[PDB]
Amino acid sequence: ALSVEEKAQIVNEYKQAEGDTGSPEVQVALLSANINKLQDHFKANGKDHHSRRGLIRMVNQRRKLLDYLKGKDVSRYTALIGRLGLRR
RNA sequence: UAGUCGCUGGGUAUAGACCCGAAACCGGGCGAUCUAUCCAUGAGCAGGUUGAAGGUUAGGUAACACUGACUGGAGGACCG
Ligand SMILES: [Mg+2]
Ligand SMILES: [Mg+2]
Ligand SMILES: [Mg+2]
Ligand SMILES: [Mg+2]
Ligand SMILES: [Mg+2]
Ligand SMILES: [Mg+2]
Ligand SMILES: [Mg+2]
Ligand SMILES: [Mg+2]
Ligand SMILES: [Mg+2]
Ligand SMILES: [Mg+2]
Ligand SMILES: [Mg+2]
Ligand SMILES: [Mg+2]
Ligand SMILES: [Mg+2]
Ligand SMILES: [Mg+2]
Ligand SMILES: [Mg+2]
Ligand SMILES: [Mg+2]
Ligand SMILES: [Mg+2]
Ligand SMILES: [Mg+2]
């Protein structure tokens, strides 16, 4: 549901090596933006299970990436959790 | 082959007709200061319990859900 401009400004805001789209932080930010964006769509369309499957897949991907990042570096983990405003 | 009109008595008819005695029917009125409903305007209900919805907060959820604590004061509720 994201746009080209939205993704570009997200990666610009969260890039860590001036051209890295694969670092955990960028992917986590993109997934969080998409999850937050799809909420209002699912507010109106409660009977759309087929898309909610993809939403759950994105949630699982974000969870796994956060777990890996926490396992690797605690400081970057805490910083990312702080900026994204999510519990854990 | 004598009837008529009085008077006095015994009967009869129509009248309450020897006297007392119903439950009832019909007509015009009087009553909702009792009581039954209703309408307007007032006032009365000591004292003590229980504790719904809701709210706040801390968790928790992708989000809605869902838990605890505090609060709150419902009811043809409870004891009197
Ligand atoms: Mg004579
Ligand atoms: Mg005579
Ligand atoms: Mg006589
Ligand atoms: Mg007589
Ligand atoms: Mg008589
Ligand atoms: Mg008698
Ligand atoms: Mg009468
Ligand atoms: Mg009377
Ligand atoms: Mg009266
Ligand atoms: Mg009565
Ligand atoms: Mg009154
Ligand atoms: Mg009282
Ligand atoms: Mg009541
Ligand atoms: Mg009531
Ligand atoms: Mg009653
Ligand atoms: Mg009662
Ligand atoms: Mg009682
Ligand atoms: Mg008593």
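So you know, we letter chains A, B, ... as the sequences are listed, proteins then strands, and number each from 1.
With respect to the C1'-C2'-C3'-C4' torsion, B:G42 shows a north sugar, the value lying on the positive side.
Residue contacts shown for A:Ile35 are limited to sugar-phosphate atoms, with no base heavy atom under 4.0 Å away.
Rounded to whole angstrom, the span from the CZ atom of A:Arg52 across to the P atom of B:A65 amounts to 14 Å. Between the CD1 atom of A:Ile56 and the P atom of B:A65 there is a distance of 17 Å, given to the nearest Å. Remark: P of B:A63 and CG of A:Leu38 are 14 Å apart, rounded to the nearest angstrom. A straight line from CD of A:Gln39 to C1' of B:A63 spans 4 Å, rounded to a whole angstrom. B:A62 atom P lies 15 Å from atom NZ of A:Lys64, rounded to whole Å. A:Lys43 has its NZ atom 11 Å from the P atom of B:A63, to the nearest Å. To the nearest angstrom, P of B:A63 lies 10 Å from CG of A:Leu55. Distance CG (A:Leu86) to P (B:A63): 9 Å, rounded to an integer number of Å.
To the nearest whole angstrom, the two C1' atoms, one in B:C70 and one in B:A40, are 49 Å apart. B:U57 and B:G80 have their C1' atoms separated by 39 Å, with the value rounded to a whole Å. Nucleotides B:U67 and B:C45, compared at atom P, are 44 Å apart to the nearest Å. A distance of about 16 Å separates the P atoms of B:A53 and B:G76, rounded to the whole Å. Distance noted for atom P between B:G42 and B:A65: 48 Å (whole Å). Between B:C5 and B:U1, the distance separating the two P atoms is 23 Å to the nearest Å. Separation of the P atoms belonging to B:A77 and B:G59 is 43 Å when rounded to the nearest angstrom.
Adjacent nucleotides B:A32 and B:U33 miss the stacking criterion of ring centres closer than 5.5 angstrom and planes inclined by less than 30 degrees. Both conditions of the stacking definition, centres under 5.5 Å apart and planes under 30° apart, are satisfied by the base rings of B:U37 and B:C38. Adjacent in the strand, B:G76 and B:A77 do not form a stacked pair, their six-membered rings missing the 5.5 Å centre or the 30 degree orientation threshold. Judged by ring-centre distance under 5.5 Å and interplanar angle under 30°, strand neighbours B:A17 and B:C18 are not stacked.
Here the closest non-hydrogen pair linking A:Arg88 and A:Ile81 is C-CD1, 4.1 Å.
Contact check, A:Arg87 against B:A63: a side-chain N or O comes under 4.0 Å of OP1 or OP2.
Side-chain polar atoms of A:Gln27 and A:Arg62 form no donor-acceptor pair below 3.5 angstrom. Between A:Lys64 and A:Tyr68, the side chains place no donor N or O within less than 3.5 Å of an acceptor N or O (distance only, hydrogens not considered).
Glycosidic conformation, B:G76: syn, with the torsion inside 90° of 0.
One distance of note links CG of A:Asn45 with CG of A:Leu38; it measures 10.5 Å at 0.5 Å rounding. With values rounded to the nearest 0.5 angstrom, A:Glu18 atom CD is found 9.5 Å from A:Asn12 atom CG. To the nearest 0.5 Å, atom NZ of residue A:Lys70 and atom CZ of residue A:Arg76 are 14.5 Å apart.
Taking the side chain as every heavy atom from C-beta outward, A:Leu55 and A:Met58 approach each other to under 4.5 Å.
For B:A62, its base never sits under 3.5 Å from the side chain of A:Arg63 at any donor and acceptor pair.
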| query | Dot-bracket for RNA chain B: what is it, with Watson-Crick or G-U pairs under 3.5 Å, [ ] where a pair crosses earlier ones, and | for a pair to another strand? | reply | ..............................................((((...((((((......))))))...).))).
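In this structure, A:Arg57 places its CZ atom where only 12 or fewer heavy-atom neighbours from other residues, nucleotides or ligands lie under 6.0 Å away.
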